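*Asks:* Next up is a structure, given as structure tokens.
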Ligand SMILES: [Cl-]
Ligand SMILES: [Zn+2]
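Residue numbers (the deposited numbering): 3 to 125, 127 to 261.
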């Protein structure tokens, strides 16, 4: 594909191939904590990953995915702002060229070192490819990463990155429990938005956790040793694969908490 994160094919350019890039419900956005409306009618999230079944980890070129077997009918996100049940299909991250940036969502303009996205599709549409064509097709759980103590549950992900350094490489990645990536609290903000990479489809109910996870400097630095390029090509370190905040327009961010 033409799009990427370079000066000439990066987010400022995506609209040429994907005109919805300038649409009405684009992601990510800045979350203004003063104006986000507390809604005490928002239910607790239900995150059930006990039966989530990881399969593989793959370098897609702009980031890496940890892919799950989404036939596992109890591996599910529901509750919160959602109707019905959503199946976990993959997770991935966005990160920066340094610790002071890398997140896609921002909180009062604050950028985190990275952001984790756990992607789920609405079972009422049969599969992921059908779900992305509907406004309520996906639910993405977003979790900020900040630098400090190490996150033990991330270690297996960061240690495997060496073996999938370049575009196209994959590795077995079974027995990975995504519960190890969740913070203590599930308090969240939610708003209707989009995929943050092309095709940028406006099919996503965003659920962004207020509480970041701490990861160590060494852990996040392993993200930056990945490469955009394929094997043999000239080294281009994979960094700054985040889309900046987009106009909120006529949307309301709600908060499940104070
Ligand atoms: Cl490490
Ligand atoms: Zn993402």
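Even for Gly, the Cβ is constructed at its ideal location relative to N, Cα and C.
Under 6 angstroms: does the beta carbon of residue 122 sit that close to some heavy atom of ligand 2?
*Replies:* Outside the cutoff, so no.
*Asks:* Excluding sequence positions up to five away, which residues of its chain have a Cβ less than 6 angstroms from the Cβ of residue 142?
*Replies:* Closer than 6 angstroms at the Cβ level, and outside the excluded window around residue 142, lie 79, 84, 88, 122 and 208.
*Asks:* Taking residue 106 as the reference, which of 252, 244 and 42 has the closest Cα?
*Replies:* 244
*Asks:* I'd like the list of long-range same chain contacts for residue 26, defined as Cβ closer than 6 angstroms, with 5 residues on each side in sequence excluded.
*Replies:* 252
*Asks:* Quick check: is any heavy atom of ligand 2 less than 6 angstroms from the C-beta of residue 199?
*Replies:* yes
*Asks:* Does the distance from the CB of residue 201 to the CB of residue 5 come in under 7 angstroms?
*Replies:* yes
*Asks:* Beta-carbon separation of residue 176 and residue 59 under 7 angstroms?
*Replies:* Between residue 176 and residue 59, the CB-CB gap stays under 7 angstroms.
*Asks:* Enumerate in chain order the residues of its own chain whose CB-to-CB distance from residue 45 is below 7 angstroms, with the five nearest sequence positions on each side excluded.
*Replies:* Within the same chain, residue 45 has close Cβ partners 81 and 82.
*Asks:* Take residue 159 and list the residues in its own chain whose beta-carbon comes closer than 7 angstroms to its own, dropping the five residues that flank it on each side.
*Replies:* 179
*Asks:* According to the neighbour-count rule (16 or more other Cβ atoms, all chains shown, within 10 Å of its Cβ), is residue 246 buried or exposed?
*Replies:* buried
*Asks:* Closest to residue 17 by CA distance: which of 250, 261, 214 and 203 is it?
*Replies:* 203
*Asks:* At a threshold of 6 angstroms, does residue 119 count as lining ligand 2 (C-beta to nearest heavy atom)?
*Replies:* yes
*Asks:* Using alpha carbons as the reference points, say which of 40, 93, 198 and 150 lies closest to residue 100.
*Replies:* 150
*Asks:* Under the assumption that residue 212 contacts residue 181 (Cβ atoms under 8 angstroms), give the Cβ distance between them as a whole number of angstroms.
*Replies:* Actually they do not touch by this definition, with Cβ atoms about 13 angstroms apart.
*Asks:* Please go through the segment 70-107 and give each complete beta strand (DSSP E) segment of 3 or more residues, from N-terminal end onward.
*Replies:* 78-81 and 88-97
*Asks:* Restricting to Cα atoms, I'd like to know which of 10, 36 and 7 is closest to residue 255.
*Replies:* The residue with the shortest Cα to Cα distance from residue 255 is 36.
*Asks:* Does the distance from the CB of residue 49 to the CB of residue 148 come in under 7 angstroms?
*Replies:* no
*Asks:* Label residue 14 either buried or exposed according to how many other C-beta atoms from any shown protein chain fall within 10 Å of its C-beta, with 16 as the threshold for buried.
*Replies:* Exposed.
*Asks:* Could you check if residue 56 is buried or exposed, using at least 16 other CB atoms within 10 Å of its CB as the buried criterion?
*Replies:* buried
*Asks:* Quickly, what does DSSP pair residue 58 with across the bridge? List them, please.
*Replies:* 69 and 175
*Asks:* Pull up the distance between the alpha-carbon of residue 73 and that of residue 54, whole angstroms please.
*Replies:* 10 angstroms
*Asks:* Are the Cβ atoms of residue 39 and residue 257 separated by less than 7 angstroms?
*Replies:* yes
*Asks:* Compute the minimum distance between the beta carbon of residue 92 and the heavy atoms of ligand 1, and state whether it is under 6 angstroms.
*Replies:* no
*Asks:* I need the boundaries of the beta strand (DSSP E) containing residue 142, first residue and last residue.
*Replies:* 141-150
*Asks:* Helix, strand or coil, according to DSSP, for residue 119 in the structure here?
*Replies:* strand
*Asks:* By Cβ distance below 6 angstroms, which residues in the same chain neighbour residue 225 in space, the five residues on each side in sequence not counted?
*Replies:* 161 and 164
*Asks:* So, for residue 188: in the same chain, excluding its five sequence neighbours on each side, which residues have a beta-carbon less than 8 angstroms away from its beta-carbon?
*Replies:* 212, 213 and 214
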